[PDB]
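Protein chains in written order, with the working numbering: chain A, 1 to 11; chain B, 1001 to 1112; chain C, 2001 to 2332; chain D, 3001 to 3222; chain E, 4001 to 4292. Below you'll find the structure, written out as structure tokens, and then a few comments.
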Amino acid sequence: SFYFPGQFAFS
Amino acid sequence: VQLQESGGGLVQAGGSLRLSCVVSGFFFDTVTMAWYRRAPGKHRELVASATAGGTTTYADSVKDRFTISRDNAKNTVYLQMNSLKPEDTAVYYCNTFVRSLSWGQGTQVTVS
Amino acid sequence: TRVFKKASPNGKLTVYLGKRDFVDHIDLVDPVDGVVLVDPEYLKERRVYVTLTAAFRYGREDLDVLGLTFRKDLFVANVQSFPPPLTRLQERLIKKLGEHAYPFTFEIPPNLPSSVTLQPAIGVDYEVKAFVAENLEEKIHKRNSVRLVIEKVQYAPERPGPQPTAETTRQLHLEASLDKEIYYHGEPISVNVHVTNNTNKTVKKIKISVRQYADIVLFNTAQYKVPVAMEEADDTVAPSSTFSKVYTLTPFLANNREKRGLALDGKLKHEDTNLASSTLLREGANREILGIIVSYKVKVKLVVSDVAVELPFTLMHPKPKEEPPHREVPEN
Amino acid sequence: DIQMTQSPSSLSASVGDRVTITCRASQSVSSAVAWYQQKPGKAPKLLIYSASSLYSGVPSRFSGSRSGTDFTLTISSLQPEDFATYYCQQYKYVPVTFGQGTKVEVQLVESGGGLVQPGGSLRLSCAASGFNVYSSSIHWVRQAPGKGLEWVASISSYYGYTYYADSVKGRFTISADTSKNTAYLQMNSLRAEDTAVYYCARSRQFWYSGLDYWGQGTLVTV
Amino acid sequence: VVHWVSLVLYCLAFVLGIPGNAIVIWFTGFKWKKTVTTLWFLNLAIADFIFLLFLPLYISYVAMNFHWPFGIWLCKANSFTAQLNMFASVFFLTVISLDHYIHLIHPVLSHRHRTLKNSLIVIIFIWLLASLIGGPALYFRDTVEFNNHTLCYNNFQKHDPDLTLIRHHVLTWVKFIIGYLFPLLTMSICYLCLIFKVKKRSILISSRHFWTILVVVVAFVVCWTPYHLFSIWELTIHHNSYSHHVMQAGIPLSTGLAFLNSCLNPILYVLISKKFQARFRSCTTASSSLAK
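Below you can see the structure in the form of structure tokens.
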């Protein structure tokens, strides 16, 4: 919804 | 591996020669060094063994006549001559029992 | 007779062999007759035996990538020289060295590749290793062993073969034929190029090459080809003509040093040898039995502006007179 | 290097005698020892090519044996066609040296040779027939007048190897034409000590077994 | 619980990878065997060494509870070098597998590409490909500042939002296909066919090879499946209008497993039985007589 995974887990 | 040696000479009969054979190069370790005599026109024949411990064997035609003493501390071996025979003359060589050393020039003895 | 001996780096455990050459007949291989010598001491507490490994390296630098030693043993036979018949050579060794001489004899089975190497090591090489070990399976140090290397070679048979012929036609009835089937090393090769041109197309030049097939098989059959010689001509034929001429070729190593993958005879040391001799296999029974197989086939090609033929032949050494030294006679 | 010496410098015998010629090598060479017989005015002929193996053509009377380094040649009976000079050669190393000579009391043709001033140049053409250059080894051996044989140079076309003697290195070059099956020797800066009879000898390229065939003679005087 | 084990994994991977890569980088000091097969390991070692040099930044990232300090000054280059090193490493592994297969099945090999010049050319080409595929990671990143922590993430919402629903799908799917699917598939097709498919069992050596192939495959799969599978599943469920809540909480564990794989590659690949002897570090034939 609001950066719940934040499209960030690694590069 | 020079295997320098000396002790040859001319003896009439029953004289001591006291041949000397020195070893330079590889360590003596606990190997046995033999003594081979080459008769004129014949091949080399085993004479003594001189093992690490005291276990010395002679040949059939030389038993109770020769005597080998080993001084591996200075890397030297010797043969004792007693009551020689006219047929004992030969070019004596000094080499390991398994003949693992290069055959250098051997001393020449003559019995008259 | 001047038998061959190789003393170990250790002060004992020497090995005597009559000759460092064992031929491989089409029927049976000569036994590896010899006597291993050892002092009475240092043996009573262990057991002495001699191995014979048919090693086969197929890599470089002896790389061990992913546990791949690049080597292969084709025939390993171990005989226990420790006391539980003998030939003339074996019994002569016993009476000379003395009582403490232990004979050892192997038996190489047929259908085994000969000792052939490749020019850069890769190639088939044999070895006779003698060492003493009671367990008969424990690791042995390099200094307490003899790395006596032997080689097995094949020689040309007395009976010759028929003249090779090929008649590959294409729409040019080419008909090539060699002088003889049996060719010795370093000898000229003469091939006929008798052709018959009938079409309007005209050939440009005639290319003749001799290629060596190193039929190495480890996982899949390989057909490496090395053009050891080339005799590119400039002759040509018009319609309704011919160019029958006896071209002469001679394979050698002076101009083939730069070529890679070239097959040569077994090398005991870094001393160089000639091209690998052709290997003979049993008729019908020949199959994928591993190792390296060397064959020679000439090729005549017509460049029209192609017709190619193959004529197999055998390139082998003759029967030696006394013994092969297996080294550069005028060395250094 | 290795020097080859013969014990008897002059042997005198009669017809129907057993004579022994002793030749001792300086170093410990293998059985690779060859014996030659040189008639006066003729090229040397090989007798034994392995110090124990009889050649094909020589009578069975000649025999050889070795012990350490004691290579010797024995003749059962001296026929009138036997008195010549005998040389012992070792071919285990490149600097092959012949014996001093013992006095008893396939065609190769060469061209060229003549009076040349010192420092000049001369070429010798060794016309070879009956064999292949790739399957044989070509060697050049000179012989000073009345003295022993001396090796000059050799060529091995199969392996592309050329060997020259220490006294003729650089000044002498050797070449062979495969198409014409000939051997050529070119000389540069001819010194005053090079007056000798030059022989173009042949040996088997594969498993060298002595100089089977020799030349005729093209003695050059400077 | 996942955070502590992940941090221990990062620490162990760095500590065992710095010297492990350093020792194999020099190739026993100066021998270095300038051959293609040996150059594979050297290039892999230097790539993994760069990866390990840039690892401690991500170590602080995970440790500080996503509190990444710097913006475009650090993460904009960190992302690019991480993708470059990781994809170069996986490409090195797959080309090593392909090269091993081709020189082991033994066809005519020296004619096609088995030359030093071709090795250099293909190394330059593969490095350029890795740089190109790591390209858009460098030039597409935002640094949001939430709850006293700055996250360097992707910036598809920035620039032009005119793009359709497919925004991250293409790049992630390409990475899954090129980078995971092709190398893993070709490694399987090579090793399983060669080893597991019992082809010519007579010469299928049961020595260290038969076990090392399997351990390499199992390490690769166990250390590369988590990251790609989790990323794909998370992206799918997030874009399928679910918002994912907080259900994974353990994605840095996948990165730790990848770091452990990068640690294990140089030690297991090069430091082997023969190399152990190198790391730890006759006579002449005569002749006798015989009675006639």
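Cβ atoms here follow ideal geometry from the backbone N, Cα and C, with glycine treated the same way.
For residue i, three-class secondary structure by DSSP
i, result
"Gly2034/C", "strand"
"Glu1005/B", "strand"
"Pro2318/C", "coil"
"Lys4033/E", "coil"
"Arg4208/E", "helix"
"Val3033/D", "strand"
"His4169/E", "helix"
"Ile2026/C", "coil"
"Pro2312/C", "strand"
"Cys4283/E", "coil"
"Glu3193/D", "coil"
"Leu2174/C", "coil"
"residue 4293/E", "The first residue shown for chain E is 4001 and the last is 4292, placing residue 4293/E beyond what the model contains."
"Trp3151/D", "strand"
First through last residue of the alpha helix (DSSP H) which encompasses residue i
i, result
"residue 3257/D", "The structure shown does not extend to residue 3257/D, since chain D is modelled only from 3001 through 3222, so no value can be given for it."
"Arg4279/E", "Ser4273 to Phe4280"
"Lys2204/C", "Run containing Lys2204/C: none in the alpha helix (DSSP H); it sits in the beta strand (DSSP E), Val2203 to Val2217."
"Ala4258/E", "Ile4251 to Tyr4269"
"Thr4186/E", "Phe4182 to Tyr4191"
"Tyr4010/E", "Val4002 to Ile4025"
Residue closest to residue i, alpha-carbon to alpha-carbon, out of the options
i, options, result
"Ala2055/C", "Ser2277/C, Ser2115/C and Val2226/C", "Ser2115/C"
"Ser4202/E", "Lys2129/C, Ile2189/C and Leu2074/C", "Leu2074/C"
"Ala1073/B", "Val1031/B, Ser1112/B and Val1011/B", "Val1031/B"
"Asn4078/E", "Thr4115/E, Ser4060/E and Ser4188/E", "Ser4060/E"
"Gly2059/C", "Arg2002/C, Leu2218/C and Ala2101/C", "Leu2218/C"
"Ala3034/D", "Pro3008/D, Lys3147/D, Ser3063/D and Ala3127/D", "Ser3063/D"
"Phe4276/E", "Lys4034/E, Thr4028/E and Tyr4010/E", "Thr4028/E"
"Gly4179/E", "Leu4214/E, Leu4235/E, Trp4068/E and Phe4092/E", "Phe4092/E"
"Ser3154/D", "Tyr3208/D, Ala3043/D and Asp3194/D", "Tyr3208/D"
"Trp3151/D", "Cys3200/D, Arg3171/D and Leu3124/D", "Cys3200/D"
"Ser3076/D", "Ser3125/D, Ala3013/D and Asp3166/D", "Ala3013/D"
Residue i to residue j span [Cα, whole Å]
i, j, result
"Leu3011/D", "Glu3105/D", "6 Å"
"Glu2231/C", "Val2298/C", "11 Å"
"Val2193/C", "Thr2242/C", "9 Å"
"residue 2355/C", "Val2050/C", "The structure shown does not extend to residue 2355/C, since chain C spans only 2001 to 2332, so no value can be given for it."
"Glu2322/C", "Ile4123/E", "56 Å"
"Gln3006/D", "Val3109/D", "31 Å"
"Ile2189/C", "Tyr3055/D", "29 Å"
"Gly3160/D", "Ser3053/D", "29 Å"
"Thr3072/D", "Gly1054/B", "43 Å"
"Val2128/C", "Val4008/E", "53 Å"
"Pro4161/E", "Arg4141/E", "15 Å"
"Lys4200/E", "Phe4049/E", "39 Å"
"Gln3186/D", "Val3058/D", "34 Å"
"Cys1094/B", "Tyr1036/B", "6 Å"
"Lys2096/C", "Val1011/B", "29 Å"
"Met3004/D", "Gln3027/D", "9 Å"
"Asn2111/C", "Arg3202/D", "39 Å"
"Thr1076/B", "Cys4283/E", "23 Å"
Residue i: first and last residue of the uninterrupted beta strand (DSSP E) it sits in
i, result
"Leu3047/D", "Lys3045 to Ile3048"
"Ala2054/C", "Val2048 to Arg2057"
"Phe3131/D", "Unbroken run through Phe3131/D: none, as it is neither H nor E."
"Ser3065/D", "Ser3063 to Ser3065"
"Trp1035/B", "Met1033 to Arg1038"
"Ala3176/D", "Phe3172 to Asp3177"
"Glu2181/C", "Per DSSP, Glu2181/C belongs to no beta strand (DSSP E) and is neither H nor E."
"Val3222/D", "Run containing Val3222/D: none; DSSP gives neither H nor E here."
Neighbour flag for residue i against chain G, beta carbons, 9 Å
i, result
"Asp1029/B", "Looking at the structure shown, chain G is missing, and the protein chains on hand are A, B, C, D and E."
Check: residue i C-beta below 8 Å from any heavy atom of the ligand PLP
i, result
"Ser4282/E", "Summarising the ligand content, the structure contains no ligands, and the ligand PLP is consequently not present."
>> Could you tell me which whole beta strand (DSSP E) segments of length 3 or greater appear in the segment 2089-2150 of chain C?
In response: Whole beta strand (DSSP E) segments, 3+ residues: 2101-2105, 2116-2118, 2123-2132 and 2146-2148.
> Which ranges would you report for the beta strand (DSSP E) in the segment 2224-2302 of chain C if only whole runs of at least 3 residues count?
Replying inline: You should have 2224-2230, 2246-2249 and 2263-2265.
> What are the complete alpha helix (DSSP H) segments, minimum 4 residues, inside the segment 4044-4092 of chain E?
Replying inline: If we require 4 residues or more, the segment 4044-4092 of chain E turns out to have no alpha helix (DSSP H) run fully inside it.
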